[PDB]
Each structure stands twice: as structure tokens, then as C-alpha cells.
Amino acid sequence: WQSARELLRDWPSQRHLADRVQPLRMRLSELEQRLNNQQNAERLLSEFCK
Amino acid sequence: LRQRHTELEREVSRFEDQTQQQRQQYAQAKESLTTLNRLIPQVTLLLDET
């Protein structure tokens, strides 16, 4: 009884949160460019300082 | 020598003018370049018109 209640507790949450996957895809892709460009500019500045 | 003065003055006037315009154009060149420097490096990529 208790376990099943916990399962059906999660189930609403499960679908609701899984809906967000695709937004998260674009989010992660977009932040990747932050990573990449930060690294690139780090190059550039180090090369200049040299 | 006064005729020399007038002719040298003509030439110097020409150079003064040529400089006066020229510098406008090339200052504007570096200015537009600054505009690009502001825009492209990352802004064109996050303002990628999503």
C-alpha cells in the first residue's frame, strides 16, 4: 500500500518533469557555446599576454 | 619668392584638404570597425536572431 502510494506520488511528477527534456536539450547546447567561447577567448588573451 | 610662396601655399592647401577629408574617411573606417568589434565576437552568436 505505502510503496504503491509513493509510486503514484511520483507518477504525476514523472511525466510533468520529463516534459522538460527538450527545453533542456537546447539549454545545454546553448550553454556549450558559452563554454567553447570562454575557452577560445582564454586562448586569445593568453596568446596576447605572451 | 612671393610667387613661390603663393604656389607653395596652393600645394600646402591641397595637402591640408586631402588630409582633412582623408582622416574623416579613415577615422570612420576604424569607427565602423569598432562597431563590428562590439557586435560580432559573441553578440552576433547569442543575438543569433533566435
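About the thresholds
- Residues numbered from 1 in each chain as written, not as in the entry; some residues may be left out.
- Chains lettered and ligands numbered in written order.
- Part of a larger assembly, values for the part shown.
- Heavy atoms only, no water.
- Helix = DSSP H or I, 4+ residues; strand = E, 2+ residues; numbered from the N terminus.
- Buried < 20%, exposed > 50% of the residue type's maximum accessible area, 1.4 Å probe, protein only.
- Areas by Shrake-Rupley, 256 points an atom, 1.4 Å probe, with all protein chains shown as cover.
- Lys, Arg positive; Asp, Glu negative; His and termini not counted.
- Charge placed at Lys NZ, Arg CZ, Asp CG, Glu CD.
- Salt bridge = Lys/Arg side-chain N within 4 Å of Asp/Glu carboxyl O.
- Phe/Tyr/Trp six-rings, centres within 6.5 Å; stacked < 30°, edge-to-face > 60°.
- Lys NZ or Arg CZ within 6 Å of the ring centre and 35° of its normal.

This entry, as listed in the PDB, derives from cryo-EM and reports a resolution of 13 Å.

Concerning the overall build of chain A
When helices and strands are tallied, chain A shows 2 helices and 0 strands. Oriented by its inertia axes, the alpha-carbon framework of chain A measures out at about 70 × 20 × 5 Å. Here chain A, with 50 residues, has 0% of them falling under the buried criterion. Entry remark: accessible area of chain A is about 4,800 Å², with carbon and sulfur atoms responsible for 63%. Separation of charge centres in chain A, based on 9 positive and 7 negative side chains, amounts to 4 Å.

Topic: the pattern of salt bridges
All names here are of chain A. Summed over the entire model, instances satisfying the criterion amount to 2 salt bridges over all chains. Among the salt bridges present, the one from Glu 30 reaches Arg 34, with a minimum N-O distance of 3.6 Å. Linking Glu 30 with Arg 34, this pair stays in helix α2 (residues 21-49), spanning 4 residues, or about one helical turn. For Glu 30, a relative accessible area of 36% puts it in the partly exposed group. For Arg 34, a relative accessible area of 29% translates into the label partly exposed.

Points about the packing of aromatic side chains
The final tally for this structure, using the stated rule, is 0 aromatic pairs over all chains. The cationic tip of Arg 15 of chain A hangs over the ring face of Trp 11 of chain A; the distance from NZ or CZ to the ring centre is 4.6 Å.

Observations regarding unusual backbone geometry
Of note, the phi angle at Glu 49 of chain B is positive, near 65°, even though the residue is not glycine. Relative accessible area serves as the criterion here: at 57%, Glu 49 of chain B is assigned to the exposed category.

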